[PDB]
Structures are given as structure tokens and as C-alpha cells.
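*Asks:* Part one of the assembly, not moved from where it sits:
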Amino acid sequence: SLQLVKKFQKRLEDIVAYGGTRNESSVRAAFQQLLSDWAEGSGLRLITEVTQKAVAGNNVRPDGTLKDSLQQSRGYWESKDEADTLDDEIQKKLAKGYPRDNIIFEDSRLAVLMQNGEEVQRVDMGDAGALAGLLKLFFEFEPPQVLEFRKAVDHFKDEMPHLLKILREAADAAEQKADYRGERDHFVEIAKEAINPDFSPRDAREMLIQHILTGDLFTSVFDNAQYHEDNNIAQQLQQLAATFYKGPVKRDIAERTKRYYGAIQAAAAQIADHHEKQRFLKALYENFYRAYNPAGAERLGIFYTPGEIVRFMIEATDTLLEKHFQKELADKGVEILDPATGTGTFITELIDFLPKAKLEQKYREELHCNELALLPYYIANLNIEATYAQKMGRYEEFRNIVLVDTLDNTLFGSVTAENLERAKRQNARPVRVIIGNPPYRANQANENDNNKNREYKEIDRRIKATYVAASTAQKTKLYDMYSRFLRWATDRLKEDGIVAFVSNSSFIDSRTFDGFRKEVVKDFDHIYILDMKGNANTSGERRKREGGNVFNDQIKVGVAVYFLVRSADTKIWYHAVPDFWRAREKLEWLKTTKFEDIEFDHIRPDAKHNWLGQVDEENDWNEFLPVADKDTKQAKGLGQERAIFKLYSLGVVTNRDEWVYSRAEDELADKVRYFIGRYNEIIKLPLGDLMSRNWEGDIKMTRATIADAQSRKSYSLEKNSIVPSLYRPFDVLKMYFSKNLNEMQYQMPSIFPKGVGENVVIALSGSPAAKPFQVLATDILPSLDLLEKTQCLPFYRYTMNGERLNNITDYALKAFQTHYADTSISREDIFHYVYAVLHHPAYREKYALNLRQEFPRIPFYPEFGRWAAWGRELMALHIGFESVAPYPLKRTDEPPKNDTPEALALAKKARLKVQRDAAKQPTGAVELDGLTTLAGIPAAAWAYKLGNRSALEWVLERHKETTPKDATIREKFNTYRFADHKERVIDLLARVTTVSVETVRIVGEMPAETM
Amino acid sequence: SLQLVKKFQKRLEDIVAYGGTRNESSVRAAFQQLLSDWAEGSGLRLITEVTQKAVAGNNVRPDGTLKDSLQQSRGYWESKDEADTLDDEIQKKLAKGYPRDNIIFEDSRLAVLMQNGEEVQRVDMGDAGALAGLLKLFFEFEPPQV
Amino acid sequence: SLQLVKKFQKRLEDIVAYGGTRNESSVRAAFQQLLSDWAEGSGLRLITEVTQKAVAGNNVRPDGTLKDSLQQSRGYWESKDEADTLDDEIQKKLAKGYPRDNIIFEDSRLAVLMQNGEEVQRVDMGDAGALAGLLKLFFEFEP
């Protein structure tokens, strides 16, 4: 520190005042003591006159050397006399071979650092600032050896499958034994009451692999072999491993795994700081699952939390412990649990935070840990004990970690009687801080994956009685593992506690989490949210604002560090991180910032318990509802009718778009044919195969199929079911509209009967509108992904054995007619007028948050006929995008590069792409393929935007050569070539170009007056 | 004095644990520190290696030279590597032309204080209480005028 | 025969262990040796990266160029990285004007032989007896 620099300057004058000596033998003693006191802080020590060898060999003698604990030099020092010039003698000493890696050439007047033969800092001495800078840089230089431990970490991160194959082969060939087969069926039984109630023989094989793999690395890379001989869990498992890992077999496997473990153990031996070796502990923790069992990596959500977030989350809880309660982390009674410990970074950084006096009492019985998987548990325990050795002194077994399912520990942890009673003492403790990082998993990829987060009966029961109870959300996503951990944390916490978790930022603002907030403010006295954004399941302008991910761009969900204190009305404090920041900036503001120095802005919850997105009320929002909650649910009793349209619908959902959304008529029939057949094969498959999904995933089986499959309800093709369907904006596709395949129809056969019917619908968007609110009047069967949250308001709702019953309810007609004193306004008139107002830009501009949360209340604007006629031109030119006469574009062809058929075929590939300028501006040119370029698109045609993508861009993206995400369709049914849809794409573009310009014209005639 | 001597010990093991050498040049950093720190509070200062003259010679060079605020030498220290037998390194030293007015002859685990013409008491450096008593006298020795 | 074929595999396995790199730059050395030896043993050679010129006038560079005594070309070898669908990189190479007479488009896992313009054979390069078959055919394809 600069304090030490000042002390050295006081010793420099003392030597030339008491001794009055100007000899090198006496003017250097000051710097000797200075480096010595700085070094003892870093972890090295300065040893004088170490005779070293030079490049020539001549024994040289740098006056000092920064020796390590493995006696390796991290640097050197050559003090010369105050008088002699340094730059000349630097170049004369260096000639004899003096070191150049990290030498501080000093002369009791000027200190220079030549690092890598390179002068970096020539700080003239006698400095109250940059001299401290110099010594910091010197004592923090990276040894050439640490950058190789980094290189070897990455290689192992990529030759892990090859190494794991060896261990996999071993465990299969051990199943030939009757000692393995007998003991691996008793492991399963003891582990069908402790960690996994569905412990499979293949889960026991996974544990065996992890135990052995980490055993070889713990004894070499980390030198701690005694860990496995002491850890209760290891012993219960060697009982199962030394059944096959013995004598010859043991030697064979070990010598076959050497061409992978070798290098890591030849660079991990030349570094001697555990904090650097922790980078491999993390790497192994994650990579193993991604190279072996990604199914586990999903539900467990194995991930590492960057140190910056952890350290912030520790200092912030310490600076809140005296604020609302009255204590300090290093007090007595601050029992800090941490469910979900993973690599242990939440208790290793706590050890480093705690002072080196009370640490003993805290390490012994106040720091607690909880884990479910084996690899994380082992890594965490070893890490904590090694951090204790680096901080306090003599290794002392951490005896507070456990292997229990936290959400189920409410005979848990019975794998070892030790961990059982360890989790019993944990349960009995009065815990006060609950810090940690929960899994944010919620739902599986596709239902052919077969991976649901274990239903925690006890824990989800209180969620149902608390978070879910208040939330009236039609869909319920409050059963997320993050919210389950929150429930467990609030119930462990007795009184005066600080739950600090980092999780998905959906809790702050989601229709689903509207009631979570309501209940959470009752169980707490102060809430301190810190939105770190970084959401990536969004597109367009939104993905820009969110920016980089505070989890090293490894996840796509939003992240928010929240601290809910309970001093036992609340005060919701909030600080959104500046938008458009990248990840490395976000994780720097989280190291260089103190919690008490951020400026939180009091949020006062609204009636709907919405924290963000607070609707403004000064606006004239309340007008004429298009559909109301009770217009769709009216019991067909004319009277409660309270809006314009009555029964509205939603975009068709299928769940098997790989076997339902195609271009050609028979192309779909073929994908569906194989299905209608393989479902019928899965049907003849046993009742057990139907009950526990023991069949094949060649075809997309969603819940409906899995169920009519259990009832053995064979299917059969009805060619009538296939119907033209507008998949995306201006993209007419085909679709098997049947009850067999499509998961939810949403009263679509009541709006568009039997796929083919004649009602004209207006597609709208939903709420909250993630993508900008959009409007598409369509006459073709729609899709849920056509517009953002597609919700279709129809015009002539049909009935069963019935007919076009006008939809605009009669109440709406009367109100409109009487208001404009017309008594002649028709249903079409209203329809068209509504479309014009919806399209009106200033309408959705004034009502921004009003529209993204409830149904767009259409205002009664001064003239009716004017807007009715506006929305008439709009309607027609958007219901007939394939008749609108084209706009004259220009095809400028060219020849292929060479004459090889290979080049010609590669020049027929859909390189469909917009041609943006050096300033991201479309030039009005679309490169169709490598032989044709269409140009002349007007710039006003790029303006019309249905979502986050212009109408023209939609057509290109919906005709690009994409590879199906299914394998059975990437091999037998991928037949779409840009060659098939060549001139049809050009034809579509020409007509859509005209449509785009026309829309802008009509929408421009509309003013800025907003009723 | 007692806590200070109990830290000279720590930084002795540290020279060998970090460096890995027992050559005199490197193991002398611990005793240097101890002496200088003790002298600071008392008022004096150990200025290391101040070439001191001799009765018979061109010049000699002690490795420690307590020099007071008025540049006057009142005590010295000559280190020793473990290899040499300290006693015979003493006669070798006090023959070339080394001072005897006040000098600490220390090896690494045993130390004598030849003070003003005669040895006082020989103490081992492993014992904190012993080295304390002796260094006190190296620092509480004052000339006759005082 | 099969001995030299097995030797190639051994060499490649040492490259991905003593260096750890599975990049072709280092892996090719193994196949370079195998092709050069079977050749000398059947009256030929494997001169490496000899720039050929295409009909369109592109100076192409195959990784190999089995040439014979009067300095004429008889075959051409081209090895792609073990980290790409081979049947995709074959097209890219041929679309620069790559020779189609007798070319071994080979990735570390599969070896495809083209002659005139048709895939004559594709073998798992791991099976010793199978490669031994394909390699012999390439060295015996006479104009």
C-alpha cells in the first residue's frame, strides 16, 4: 500500500542521515525492507543474493528474488547506487545475462520495471502514488507458468468426451461381475430414500464415474488424496468402486487415461495458489455434465456464478445486517446457510471476507452448505478446506456440508449416517442469512425429451398456498425451481434475516408473478432489487437494450440480484443497470460499487400489484373495449355485452410444427403419413410403453398424443383436414387442421369452421406485448407465432349446425350508431373503423403501457365514415396480398463463377438477404441467390413494420433454406429448395412491396389527434 | 522485545521455506530486520555494512553498524553461516582487525555479545527470553561519559 | 497392405496426444507419410502442395500430387479437418475447379475416392482392411 511506500521513503533518508552512507551496501537496505513487507502480503517472500545462472551460464546474483512456496521466482530486484545512471548500467548488467522477465532496476532515486524486455513503468522515486502503483503491478505480474495452466484447462475442457469414453467402457465391462452387480443394486436402494427417489442403475453408474474421475485429479492436480479417505460419501462409494477398480483393472484404466490427465498435472504442479487452481475445479464441474449427462445439467441447472456477483452479494448482506437488524457477518448467531452450493464459491469467498480471528468459530459451526450431485459436493468440500488452509492454517475437515435435496429436507441424507445427522444439526440451527444461486429451470425442451423438474410435494404445497394462491394467472409458472428455493428460504428464515438470491428477473414484472410480489411484500420489511438485465429470449430493439449476460453470456434468461430483509408497510427499492451495457461492464460496476452507494428508487406497488410498467392514468384510456374478460365468457345473454366484439379466438397451436407446417400439399401429407403410422405402431406397443413413455421419439409425441396413445385411439388421415394457413405475416403455408395432431384449436373451428370458411378476422397481439403491438387483418387460418401473442377478434361467429351470427355485439352497434347519430352503421363499418384506429400510430403512442397490458379500448373519434373508409382500404389491401397488382422491380442476373456444376448448385442456395449500407440502411436491393439480384424496392416499403421485422423481410425469412430441428424430418422429408419457390418468391415480393407502400400512405393520412 | 523476537523466528524459517538456501547472504535478512526494528523505538538505527577502519589495515567492513543520531558508531554485528564454527570464526574476525567495543557475533541458533573488551553472556537464538535479554544489553550499553 | 494402414492410425493418435491438436495442419503429416510410402513401394511418390491450374484458370493447391517419373500427375489428395461433414467440403473444393480425375477427399474419419466425377468408394478409415482396399484402388487407377 502507499503507506508502505511512505515508510520506505522515511527509511531512505534515515540511512543517509544516521549512517550518512551513500554506498550501495547501505543505500539499498530501505528498498530491501519495502519489497519484503509488500511480498509477505501477496504470498511470496524476497530472498537476497540468490546465485542464479545466466543465458551464458555465468553465475549472476540479482540482489533479490520473489521466491514462491515451491521455491520458484516470480520476479527479481537489482538495487544500484543513487549516483550511477541507471539506463546505461541497466544495458551493461543485462549484457552479462541478468534476468528480464520481471526485474525492478532500482537506484535509490528511480525505480524502472523492464517486464519481458520491456520498460513499462519508469516511476521516478519519491512518489506519493505511482510508486505504490509500480509495486502493485510487480507483485501482481502473471508468471509464464499461470498462462500454461490456463492453456491446459482449455485442452481438458475439450478432450473430456474422449477421456470419459475410457471410464464409460470400464463401467460397462464391470457389469459382467456379480460383485459389482450386487453392490450397485444396494447403492440404488440406499439412494432411493436420500437424494433421488427415482435413483436408476444408470444414476449409480454416473456417481461411480464421477467418484473415480475426480479421485485421480484430487490426488495429483490438488495433491489431496486423504479427502476421499475421510469424506463419508467417498467411503460409501468406494465400497462400490473397489469392486472393479482393483489391481490389474485399476492400473489399466489409470494408464489409459494418462494421455489426457498428464499435461494438466504438469502445469498444475508449477502453480502453487489454490485460487488459480479453482478455475479447473469450476471447468470440471460444468464440462463433465455437458460431455456425459446433459439431462442432469438441465434440472440441477449446473452453472458457476462469477465472483463479482458473489462478493457483491456478501458485502451487501453485511451492510444490511446492522441497518435493519443489528450485527456484523462475523458476529455470533449469524448462521449462514447456502442451499445449492455447487462449486462452493459462496462459502469460499465468505471465508476470505471474515477476519482472521473469529474465522475459527464461524468456519466451525456457523457456515453451512447443501448439495444434491456428487461432483459439486466433492469439489465444494475440497475447495472450502483448501481455502481454510490458505487463510487460517491447518487443514480441518469442514463438517457442515451435506448431500440432501434441500427442497425435500423438511430420513433425508440417509446415504451416510454422518450426512443424515449433519443435516439434522443443520435443521436444528437458528439460521439467519440464506445466500445462494438457485436453478432457474422450468420446462423441458420438447416433450420427446422426458425431463420434468422433480415435483417437490412438500415445497410446492406451500407455493400453491402462497405464491400460486394470489397469482390469478391463467398459466402457472410460479413452480420454477428459483421460486421453489425462495419458498424454502422464507420458511427456513425465522426472524431478523436477509434472504439474498440471484435469479430470473421475471419476479419483478410478469402476469404470472403478479401475486408472487403481492405475497413477498407481506413476508418482508425491505426489498432491494438490482436488475442486471441481460435477457436474450427477445428480439429487435429489446435484445439491444438488454445487452450482454452477467453470466459470461452463457444463459439467455434475465438476471436480478435481490435482497429481501425481514426486520422482525414494506419499501420496494429498485436500481435497473444502465441499458445497452455489455457483460464485462455489468460485472465491473458490480465489483467497483458499494451497496450503500447505489441510489435505489422507491417503487410504490399499484392496485394490480405491478411493480414496473406503472400505467399512466392522466390519459383518456377508458373507452370502448374490443373484447372483455366477460365478452368471451358471456353466457350468451345479451346484456352483460360490454365491448365491441364478443367471442374472440387465439392463433392455432399444434406442438408438432415439424409435421404440420409445410409448403406443398403432399409434402405435409407425407410428414403426417409417417406419423399417423408410427403413432399406430406406438399404439400396438404395450400398455406399460404407453403409461411410462417407453417407446420411440422418431415422431413428435406431445401430451395429447401420449394420452390418446394410452387409450389406444388409432388415427387415420382425413385429406380434408389439410388447409391453407397463413403461418407468418404474408406467408401462406399448409396445415393438417385435425383434433388428432393440433394440441389446442382455441375455438378456431367455431370462427373458421372445418379449416375452410368465410369469416374475415383482425389479428392482434396479446399482453404483456413483448414485441411491438401489431395488426394483420387475415382471412386464412392463423398461428400463435404469426403475430406476438396472436389473439384474433372475428366478425361473424358461426355456431354448431349454425350460421354467420354477426359478432360485433348488438350493444356495440347501438352505441356507435347513436353516438354518431347515424342509426345505419353496419358490422363491417365498425370492423373497418376499428382497424384504422388500431393502425393509427399516435393511438398506440399515447396508450403505450395501456395497450401492452389490456385489450385496446377503441376511442370514439370525431368522424366515423372517414376512418371506416381508411380501414376499408387497409383491410382489403392486407386480405388480398396476392392480387394487389405488382410494383415494377428489376432482376439483374449474372453467370456462375466457374463452370463446375458444384459452383452452379452452390449459387442456387437461398442467400436471400437484404442489402444494408455501411450505415445499416437497406439500399432497396435483395440478393435472392448467387445468380439473381432483385432491386428497386422503395425505401417507404421498408418502413411498413409488422413486429420487429418489415413485411418484405418476413417473406425472405419464411422462404430461406433452413434445416428442420427434427432428425426424422432432416433426413426423409427435407425437400424444400429455393429452386422450388423461385419465381413464386419474386411474385410475392412484388405484390407485398406495393402493399407496404399502400399501408404507409393510408396510415399517413391519419393525424396526431388522439381521442 | 518479546513479541518482536517471537517474529524474528517466523521470518527465519521463512528465508529457508521460500528461498531454499542457508547461505549467510540470504539468512541475514531476519536478524537485520529484528535489530533495526528494536533500535528504532529505542532511538538508534542499525545502518547495515558501514565500512569501518582498522588499527592495522586499509579498511574493514562490518555487516551491522549501530550509528546514533550524531553519526557515531556505538555497536556492531557480524553474521555467520551455519557451516563455520562460530567460535573459530570469532578469533578469525577479531584478528584481521574487527572492533570489540560492542559487536554481536550471531550464527543462526546461538549468539554472543563481545562487549567493550570481553564477552558478556552466550545465548541461544531459539529461546526468545534469552535473545531478548542479550539484545537489550547491546542496546542498553552506553559509553562511560553517559 | 494392412500394416502401413495401421501405422497411419498410430501416428495420428500420437499427434492428438503429444500435441493434443486435432487440426489437419498437424494430422495430415500421418497420411502424407502413408501415401508417400505405399507410393514409393508401388513405383511413384507423393510430392506435396504442387499448385495445379484449373480450366477456369484458378491456381488450386491439393494437399498431395502423386506424380510419376516423366513429371506428370496421376492422382491428387485433399484432407479436410476432422471437424466438418465431409460431403460438404468436397463440393466447396470442386467448386474452385479442383481436379476430378482421381482425388481422395479424406477427413480423419471417412475417405471418399472420386474418379472422372463419381464417388467410387467411401470407407471408415479406422477399418484396416477396408482402407487398404480403397488406397490400393487409387494407386492402381491408370489413365
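*Replies:* Ah, there it is. Numbering: from 1, shown residues only, chains lettered A, B, ... in the order given.
*Asks:* interface residues of chain A facing chain C?
*Replies:* Within chain A, the residues that sit near chain C (Cβ under 8 Å from any Cβ of the partner chain) are A:155, A:159, A:259, A:263, A:897-900, A:902-903, A:905-906. (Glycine included, C-beta is placed from N, CA and C.)
*Asks:* Just the buried ones among those residues, please.
*Replies:* Neighbour-count burial within the residues of chain A next to chain C applies to A:159, A:259, A:263, A:897-898, A:900, A:902-903, A:906; the criterion is 16 or more other Cβ atoms under 10 Å in any protein chain shown.
*Asks:* for those residues, which one is nearest residue A:707?
*Replies:* Set against residue A:707, the nearest of those by Cβ to Cβ is residue A:159 (44.6 Å).
*Asks:* contacting residues around the closest residue to the closest one other than its chain neighbours?
*Replies:* The shortest distance from residue A:159 to any non-neighbouring residue, by Cβ to Cβ, 6 or more residues apart in numbering or on different chains, is to residue A:260 (5.5 Å). By Cβ atoms under 8 Å, 6 or more residues apart in numbering or on different chains, the residues touching residue A:260 are A:156, A:159-160, A:162-163.
*Asks:* isn't there a helix covering residue A:260?
*Replies:* Yes - counting by DSSP: H, G, I helix; E, B strand; the rest coil, residue A:260 is found in a helix.
*Asks:* Against residue A:954, how distant is the nearest residue to residue A:471 once chain neighbours are set aside?
*Replies:* Spatial nearest neighbour of residue A:471, excluding adjacent residues (Cβ to Cβ, 6+ apart): residue A:515 at 3.2 Å. Distance of residue A:515 to residue A:954, given as Cβ to Cβ, to the nearest Å: 37 Å.
*Asks:* related to what we said a few turns ago, pretty sure the residue nearest to residue A:471 is touching residue A:468, no?
*Replies:* Yes - when contacts are counted by Cβ atoms under 8 Å, residue A:515 is listed as touching residue A:468 (7.5 Å).
*Asks:* and DNA strand D on top of that:
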DNA sequence: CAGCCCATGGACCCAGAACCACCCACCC
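*Replies:* Let me put DNA strand D in with the others:
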């Protein structure tokens, strides 16, 4: 109660692009 509607937000990854090193043909 049991099928049948109605939600609603979801722990990354991989193609280009820039660019770099090395050597070869080809202007110089």
C-alpha cells in the same frame, strides 16, 4: 370430475466477419 379450453415466458450457440501467419506465383 373430467375433458376441454386459455394462457405466457422459456439457465445458449453458431454462423459470418475480421484478420492473421505463411508461402507461392507474379508482377517489379
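*Asks:* Residue of the stretch 151-300 of chain A nearest DNA strand D, please.
*Replies:* Of all residues in the stretch 151-300 of chain A, the one sitting closest to DNA strand D is residue A:290 (7.4 Å; Cβ to the nearest atom of the strand).
*Asks:* From what I see, that residue and residue A:296 are in contact.
*Replies:* No - under the criterion of Cβ under 8 Å, residue A:290 is not in contact with residue A:296, lying 10.2 Å apart.
*Asks:* out of these two, which sits in the busier spot?
*Replies:* Neighbour count, other Cβ atoms under 10 Å in any protein chain shown: between residue A:290 and residue A:296, residue A:296 has more, with 18 against 13.
*Asks:* and the more buried one, what does it touch?
*Replies:* A:206, A:289, A:302, A:373.
*Asks:* rerun that using 7 Å as the cut-off
*Replies:* Counting by Cβ atoms under 7 Å, 6 or more residues apart in numbering or on different chains, residue A:296 touches A:289, A:373.
*Asks:* same question, the one 10 residues further on
*Replies:* Counting by Cβ under 7 Å, 6+ apart, residue A:306 touches A:550-552, A:587.
*Asks:* Just among those, which is most surrounded?
*Replies:* Neighbour counts for the contacts of residue A:306 peak at residue A:550, which has 29 neighbours (criterion: other Cβ under 10 Å).
*Asks:* Relative to chain B, how far out is residue A:536?
*Replies:* Distance, residue A:536 to chain B, using Cβ to the nearest Cβ, to the nearest Å: 48 Å.
*Asks:* Counting neighbours, what do you get for the closest residue to that residue other than its chain neighbours?
*Replies:* Spatial nearest neighbour of residue A:536, excluding adjacent residues (Cβ to Cβ, 6+ apart): residue A:556 at 3.7 Å. For residue A:556, the number of neighbouring residues by other Cβ under 10 Å comes to 14.
*Asks:* Kindly incorporate the sequence below as DNA strand E:
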DNA sequence: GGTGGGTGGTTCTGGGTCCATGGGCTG
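*Replies:* So that you can see how it sits with the rest, here is DNA strand E on the chains above:
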């Protein structure tokens, strides 16, 4: 002698989807 061009490797950086699955309700 440079230099642009073939071959190959190494970092960045930009940028975004259909569909699972519990509640609420007819019936």
C-alpha cells in the same frame, strides 16, 4: 522486391423460437 492470393487458424460479436403444462370451466 513487394504483393495479392490460396490455404488454414483464431478471435469476436451479433442476434434470436415454437410449445410445455397447470388453472379455470363447461358440461
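*Asks:* same question on the contacts of residue A:296, but now with DNA strand E added
*Replies:* Going by Cβ under 7 Å, 6+ apart, residue A:296 touches A:289, A:373.
*Asks:* And residue A:719, by the same measure?
*Replies:* If a contact means Cβ under 7 Å, 6+ apart, then residue A:719 has no contacts.
*Asks:* Residue A:738 - nearest residue in space that isn't next to it in sequence?
*Replies:* In space, and not counting its chain neighbours, residue A:738 is closest to residue A:721: 4.0 Å by Cβ to Cβ, 6+ apart.
*Asks:* let me redo that: residue A:869
*Replies:* Closest to residue A:869 by Cβ to Cβ, 6+ apart is residue A:832, at 7.5 Å.
*Asks:* what's the neighbour count on the nearest residue to residue A:115 once chain neighbours are set aside?
*Replies:* Of all residues not flanking residue A:115 in the chain, residue A:102 sits nearest, at 5.5 Å (Cβ to Cβ, 6+ apart). Residue neighbour count, defined by other Cβ under 10 Å, stands at 22 for residue A:102.
*Asks:* Next: residue A:608.
*Replies:* 13.
*Asks:* The one 10 residues further on too?
*Replies:* When counting by other Cβ under 10 Å, one arrives at 5 neighbours for residue A:618.
*Asks:* The one 5 residues further on now?
*Replies:* Neighbouring residues of residue A:623 were enumerated by other Cβ under 10 Å; the total is 16.
*Asks:* what sits against it?
*Replies:* Contacts for residue A:623 were tallied using Cβ under 7 Å, 6+ apart; they are A:857-859.
*Asks:* Let's see that with 8 Å instead.
*Replies:* Contacts for residue A:623 (Cβ under 8 Å, 6+ apart) come out as A:857-860, A:1011.
*Asks:* Next, the buried residues of stretch A:821-841.
*Replies:* With the criterion 16+ other Cβ under 10 Å, stretch A:821-841 contains buried residues A:825, A:827-840.
*Asks:* for stretch A:512-527, same thing?
*Replies:* Residues of stretch A:512-527 classed as buried: A:512-521, A:523-524, A:526-527 (neighbour count, 16+ other Cβ under 10 Å).
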